[PDB]
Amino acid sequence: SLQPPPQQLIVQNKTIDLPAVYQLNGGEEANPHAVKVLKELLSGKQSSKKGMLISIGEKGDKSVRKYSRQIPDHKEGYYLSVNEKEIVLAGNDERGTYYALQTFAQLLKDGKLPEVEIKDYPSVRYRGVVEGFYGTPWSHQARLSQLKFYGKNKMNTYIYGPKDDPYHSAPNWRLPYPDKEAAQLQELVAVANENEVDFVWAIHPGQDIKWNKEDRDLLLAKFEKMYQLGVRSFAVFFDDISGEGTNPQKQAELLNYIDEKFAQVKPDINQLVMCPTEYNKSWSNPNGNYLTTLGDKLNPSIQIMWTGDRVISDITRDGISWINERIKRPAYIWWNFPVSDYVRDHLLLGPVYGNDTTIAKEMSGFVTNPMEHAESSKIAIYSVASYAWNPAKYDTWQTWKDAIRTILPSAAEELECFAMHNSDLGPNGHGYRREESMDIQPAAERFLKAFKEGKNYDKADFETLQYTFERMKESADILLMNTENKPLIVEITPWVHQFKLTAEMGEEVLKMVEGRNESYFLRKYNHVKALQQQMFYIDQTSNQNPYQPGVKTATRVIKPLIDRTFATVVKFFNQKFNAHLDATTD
């Protein structure tokens, strides 16, 4: 499944061979990043003698002159054609040609191509990821991997802003990066450039900013240093601060200054973005004028970020109208999923859903704030990419499955199993929840009512529950040993162990339900207590962060079911055999 889905696609049911011998036209005129990709896909030979013709270029290039009517007149648009006679890979601009090739790479299966005509472009101008979470910032290796992933999925934005990076936030936003870190950011910028991603470097100065000439110059001098490392897009974040830094008038003046004396002065600055102190509807003062000050005061080329009606929320038609009215421009959406920095004992690996698919025109950008777990975040990131490029065609579940199969082809069904029951956030201070384990939730619910009653269960149910636990262990063990994406396995390991132990506990609890004789029952019960203690051990020793320490898994439907069934069969036993068994699950 292409990924993101093109705006317009016509498939002829013919398929052609990737040319054994070919004629390249435009190789020296077209986007070198695109030509690179094309040349990688091709295993010789070049032939002036001909050779099937492959034409590559941007609108204006001599190579693509014949097809200029065909090229969509949109930023990052392109036209792609495959037929018996010719291949055409024509961008509206340089990024469009790179994107043509990202679609092209996906069509080529087993050295063959379908016969297709594609006219394509993004529905939202800026699409990508803000690394803007609290916690351990992404490793340098994880970032290099992200930027390549962003290029393949036509994401054009990476906003660097980890809350915990000292040279991004207070005090030390005033200081240039040390040489080591500097050389690393330089490398990130090179790699982002190669992949057609705007590396957007953010600063977060508002906690100790002085509204004086000294701090203002320090900010520009920092921006200048970042420029010298290759950075061409900038942001100033005023989120989650208090004190003098929250002053909207001073914020707008600062940003206008940066625009005027820096963004409008360098030859090639792309994005200039700001993050308001009031960044969702629920935390905005209706009677005072924070957001209208920004909307009126800020130069119209400056972006303003927004999370929707609450800190964590999905974007609605009503929600975007509300903010767009006040800021006098389309909001640049910061979506807080799958961001887990306030539910740090959970992994959030379910589908991306909830955002209205008809409001592309009402947003200038759409970025996802992810987990501190970089590779794990690729399931959502891939999905957000698909959503922000073609929201009209956005399919929740298929994109999720596509993401998983792209990330881990070798164990995709195993990863789906694991992700399916690692979706929900649990109870949290923001009240944001996701669905989890819905496949088995009716079976779970029937089975459990038919017990907390005494009314006999369904055999169908019993073996779906048992089928589930079995599948959970298979997936957990296969994942642990998977070497195709080791960094992903490393992130999820603790939850993989916990997920296995949940499945095992599940299986023993059901063996207790079929309790054949008194002492097989007690073997089961004792095994359950031992498995509980192992889960408690992991929860006490893994992921011991100061905020939500530990490791929770399958918490919405599966853990509750097992816990409740266990306390139930035990209580029936404490009355058939008049016992004193501990029925507790903590």
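We number the residues from 1 along the sequence you see. Between two forms, the rigid core is defined as the largest C-alpha subset superposing within 1.5 Å.
Here the rigid core sets the fit, and in 7 other deposited structures of this protein the C-alphas of 444 to 452 stray farther than those of the other stretch, out of 371 to 379 and 444 to 452. Compared with other deposited structures of the same protein, residue 47 meets the criterion of being unmodelled in at least one third of those that resolve residues on both sides.
Mean CA temperature factor is higher for 42 to 50 when stretches 522 to 530 and 42 to 50 are set side by side in the entry. In this entry, 13 to 21 has the higher mean Cα B-factor, the comparison being between 13 to 21 and 564 to 572. Highest C-alpha temperature factor among 181, 194, 453, 131 per the entry: 453. Ranking 498, 83, 410, 146 by the C-alpha B-factor listed in the PDB entry places 83 at the top. When the CA B factors of the chain's modelled residues are split into thirds, the value for residue 516 lands in the highest one.
Split the chain's modelled residues into thirds by C-alpha temperature factor. Residue 158 is in the lowest one. Sorting the modelled residues of the chain by their CA temperature factor places residue 170 in the middle third.
In the PDB entry, residue 138 places in the lowest third of its chain by CA B-factor. The entry lists a Cα temperature factor for residue 356 that places it in the middle third of the chain's modelled residues.
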